[PDB]
């Protein structure tokens, strides 16, 4: 589970990037971790 | 399904 604000986005690139734009979060790591 | 950033190769 995540804190609210993040969408679970996945690209054909084979990698997932967790986006939360309050403060523009673009990250490889799950933000709950 | 709404992103502003480009995807990283790192």
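What follows draws every value from the coordinates through simple rules; no lab data is involved. Counting neighbours? That spans all protein chains shown, and the Cβs are built from the backbone with ideal geometry, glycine included.
Number of residues in chain A that are outside any loop (DSSP other than H, G, I, E, B) and loosely packed, with under 11 Cβ neighbours inside 10 Å equals 1. If we keep just the residues of region A:1-20 that are without any contact (Cβ under 8 Å) to a residue 12 or more places away in the chain and at the interface with chain B (Cβ under 7 Å from one of its Cβ atoms), which is farthest from the chain's Cα centre (by Cα)? Per the stated criteria, the residue is A:13.
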